[PDB]
Structures are given as C-alpha cells and as structure tokens.
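Take a look at this single chain, the form solved without the partner chain, given in structure tokens.
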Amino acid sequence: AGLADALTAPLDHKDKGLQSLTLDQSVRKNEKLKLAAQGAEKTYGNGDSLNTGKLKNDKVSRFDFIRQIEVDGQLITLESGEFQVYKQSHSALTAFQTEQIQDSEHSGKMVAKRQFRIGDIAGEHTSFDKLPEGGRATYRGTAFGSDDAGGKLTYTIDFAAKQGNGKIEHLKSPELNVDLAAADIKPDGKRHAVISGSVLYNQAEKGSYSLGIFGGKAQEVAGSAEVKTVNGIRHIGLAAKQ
C-alpha cells in the first residue's frame, strides 16, 4: 500500500491545484500529531499537510492516528481514531473518526466514544459562467458518516433547468433509502456556484446538505451534509464523479 510511501517521502511537489491536503485545522496550533500505517509513521504538529500526487484516483485510504501533547516532558495519548482520506479526480477530502480516548483527571483511564466529523474539502473552483446551461449530468457517490458509512447515493443535476436532485440507497434495510430534496443554484461561492438542499432521515427527521462542482468541465462534485436527529448530528462526506 502507498500509505507507507506518503508517510516516509513526499509525492509530486510542484503543486499548482491539488497534489496534497492541508492539516491546519486537523491539529491545534500547539499540539502534537502522530499518524502510522503499513510500516511507516508521520510525526508533526501546529499546521502541516499530507501528500497525494502519485496515488490512484477516486478511492479511500485508511490510517491509524493520535492527537496528543507533551506535559512537563511527559507524553499522554489524549484522543485516538481513524484518519479516513479520500482521493478523487481534481479534488480530495479528509474525515475524522475519534473513538478510544483518555480521561483528563486520572492520567491513565480510557473512554470509548464513536465521534465522526467532516474535514477540509480540497480543490479550487472559480468558473460556473464557463459551463453550458444545457443537458442532464449524472453523478454517483459514496456516503461516509457516523451511522451511514455502508451506503452510497445517486445524484443528478439538470444543466438545462439549473436544478439538482438525488437519493440515498444501498442501506442495511429498505426504509433507510431516502429521497433527496431537489435544489437550485444559490449564492455562497467566492467566484463559483453551489447546490444546497434538505435531507430526509429514515422517512423522518430534518437534515441539510451543501456541495459544489469541480474540475475544468464538471468532472466531479464534492462537499458536505449534516443530518441532525434525536441521536444528535451525523456529518456525512460527499464523494461523487461524472
């Protein structure tokens, strides 16, 4: 696995769009980060990166990590989990999966939560008035979230009518396949466009999603959803290509 390559050496170092991902919110400005997999280990802090140049497209990479600090020269393993790293065409994103973590009173206890969060959505886009207003664009993607990380969605956008739509499918049970609330183009992007709509949960509840278009000609789509429930909020990541 190229996991070991990307911890021991850099990848394509030219970077003029995306050949890497930024970690300046993945770690605190004071704290220590250790990552490891498949015979290698990355040791950093404050605000670094992870390199993705000469890896495959349209796939997920798997990693072990911990976020920690040194106290009076002593090392405590504060929170540990899964570093879930998506590589696509023109775009890439991270997600967090914190589970096994220390209690900050006894310096040697453990606690087991199951806390997922979305990460940074990499790939600059600056050009919707550069696309045609014609056709229908088919899309299909992975859904990855705090209860959702076994299913996958179907997505579309009528370029001729400027309206997005979708559906969530491939679930453990059939009532869990939900309709997606059809949504038009709305203002948010600093020099680009967005589709932002609503998300129906187990035929109940009230979630929310936002995503954008990527590449030089609508090659893929990426962004985020948050479904809020009586169980609290599930963040779901988007990964879908033409």
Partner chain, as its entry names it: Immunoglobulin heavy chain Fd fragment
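Residue numbers count along the first chain shown, from 1.
Below, we refer to the form solved in complex with the partner chain, which is not included among the displayed structures.
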The partner chain in the bound PDB entry: contacting segment from 180 to 188, 64 to 72, 23 to 31, 198 to 206, heavy atom within 4.5 Å: 64 to 72
Three-residue site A36, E41 and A112 fully in contact with the partner chain in the bound PDB entry at 4.5 Å by heavy atom: yes
Close approach of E133 to the partner chain in the bound PDB entry, 4.5 Å, heavy atom: no
Touches the partner chain in the bound PDB entry: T142 (any heavy atom, 4.5 Å): no
Contact of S80 with the partner chain in the bound PDB entry (heavy atom, 4.5 Å): yes
4.5 Å heavy atom contact, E169 and the partner chain in the bound PDB entry: no
Of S127, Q100, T138, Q163, the one that lies within 4.5 Å of the partner chain in the bound PDB entry (heavy atoms): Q100
